[PDB]
Amino acid sequence: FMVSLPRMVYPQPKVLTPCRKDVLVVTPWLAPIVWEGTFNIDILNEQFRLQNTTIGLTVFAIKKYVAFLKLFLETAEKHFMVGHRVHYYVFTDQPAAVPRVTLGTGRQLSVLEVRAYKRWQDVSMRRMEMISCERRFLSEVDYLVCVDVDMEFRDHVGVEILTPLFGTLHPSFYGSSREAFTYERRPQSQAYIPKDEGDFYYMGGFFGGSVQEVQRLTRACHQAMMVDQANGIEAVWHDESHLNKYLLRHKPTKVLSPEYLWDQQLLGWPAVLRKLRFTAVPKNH
Ligand SMILES: O=c1ccn([C@@H]2O[C@H](COP(=O)(O)OP(=O)(O)O)[C@@H](O)[C@H]2O)c(=O)[nH]1
Ligand SMILES: OC[C@H]1O[C@@H](O)[C@H](O)[C@@H](O)[C@H]1O
Ligand SMILES: [Mn+2]
């Protein structure tokens with residue numbers, strides 16, 4: 001049950017003027033595409049705080065990638081869901097290497113020890129299995145957001161993203177035609193997508209939703225990866241290829257624009273991006 005919003009004074013939405021004319025702001029299945037200009041964060045904050053929303057954030061930091069946690073967590077404290085309840089879940093092979101970062105009120109961090117795989121591909125792929133921590137998340141958070149750790153927040157990432165299921169437009173492909181997308185193209189893989197299919201190319205480094213929908217997604221991607229392994233095939237972009245297949249066949253209820261996962265060194269700051277909110281930290285692969 002949702003109580004009434006309080007009185008609020010803000011600019012009237014004008015029906016005969018779009019918030020953004022340069023970009024697509026709603027998918028053909030009526031899911032908002034979240035860009036700056038399209039939302040009033042004060043209305044959204046009221047709606048979500050009145051539900052006492054708790055957001056879980058998962059991040060994996062295996063092997064050398066523990067070095068990214070300090071900046072990731074400190075910048076998450078300045079920009080990710082401030083004002084709301086947040087539970088960080090740090091999955092790592094080295095619990096003693098997790099930095100002690102100071103958290104704001106209503107925010108907590110859990111360290112979850114996992115095994116390290118040798119190949120960076122298996123580390124990245126096995127997050128789907130590891131996420132699908134099932135009973136624990138249902139009890140502790142309302143939404144789960146799953147991200148890469150080699151990143152920093154530079155601007156607001158808030159409750160405008162929350163919805164039953166979302167993916168994020170990959171920053172290298174948002175202007176690309178679908179035949180250029182790097183989907184898995186071999187019909188022998190479960191992740192296969194033909195050249196005449198595909199809405200968007202979603203980034204493996206930032207997806208989320210309600211706990212139920214995220215567990216559906218991660219279970220389905222982990223089962224599809226197991227089928228490929230048993231067939232001796234590994235998708236071209238690993239868990240990202242499987243997430244793309246899943247989101248083609250289960251449309252997300254919101255799509256985040258590339259504001260939400262950007263790489264300034266590789267792609268600069270185009271005018272269609274008013275804000276760069278969560279951005280790659282340069283590293284040597
Ligand atoms: O040795 C590794 C390799 C991968 N990762 C995790 O898997 C994510 C995806 O891998 P990566 O960021 O290397 O992929 P890229 O963004 O460079 O394509 C990393 O952000 C970490 O969260 C990790 O922790 N340790
Ligand atoms: O083609 C897809 C690839 O695009 C890269 O630009 C990104 O660094 C990889 O992680 C994978 O997403
Ligand atoms: Mn990454």
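Derivation of every value follows stated rules applied to the coordinates shown; laboratory data play no part. Quick reminder, even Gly has a Cβ in these numbers, built from the backbone with ideal geometry, and neighbours come from all protein chains shown.
Structure above, values below:
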| read-out | value |
| --- | --- |
| Karplus-derived HN-Hα couplings along region 201-216 (A = 6.51, B = -1.76, C = 1.60, θ = phi - 60°), whole Hz, x at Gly and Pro | 9, 8, 7, x, x, 6, 9, x, x, 5, 4, 4, 6, 6, 5, 5 |
| FRET efficiency estimate (nearest 0.05) - Cβ-Cβ, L103 to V9, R0 30 angstrom | 0.35 |
| Mean residue ellipticity (222 nm) of the chain, computed from DSSP H runs ≥ 4 via -39,500 (n - 2.57), nearest 500 | -7500 deg cm²/dmol |
| Contour minus Cα-Cα distance for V236 and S177 (0.36 nm per residue) | 19.4 nm |
| Reference-scaled alpha-carbon Rg (2.2 N^0.38 Å with N residues) for region 1-96 | 1.47 |
| Separation of alpha-carbon centers, region 172-201 and region 80-135, rounded to whole Å | 30 |
| Computed magnitude of the charge dipole of the chain (debye, nearest 20; Cβ of K, R +1, Cβ of D, E -1) | 200 |
| Two-site FRET efficiency, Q94 against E134, from Cβ-Cβ distance with R₀ of 25 Å, rounded to 0.05 | 0.55 |
| Projected label distance in nm at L112 and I41, using a 7 Å step from Cα toward the beta-carbon | 2.8 |
| Sorted peptide list for 122-132, 49-59, 189-199, criterion being average Cβ within 10 angstrom, highest first | 122-132, 49-59, 189-199 |
| Sorted by Cβ density within 10 Å, fewest first, the residues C19, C146, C221, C133 | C19, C133, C146, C221 |
| Two-site FRET efficiency, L30 against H79, from Cβ-Cβ distance with R₀ of 30 Å, rounded to 0.05 | 0.55 |
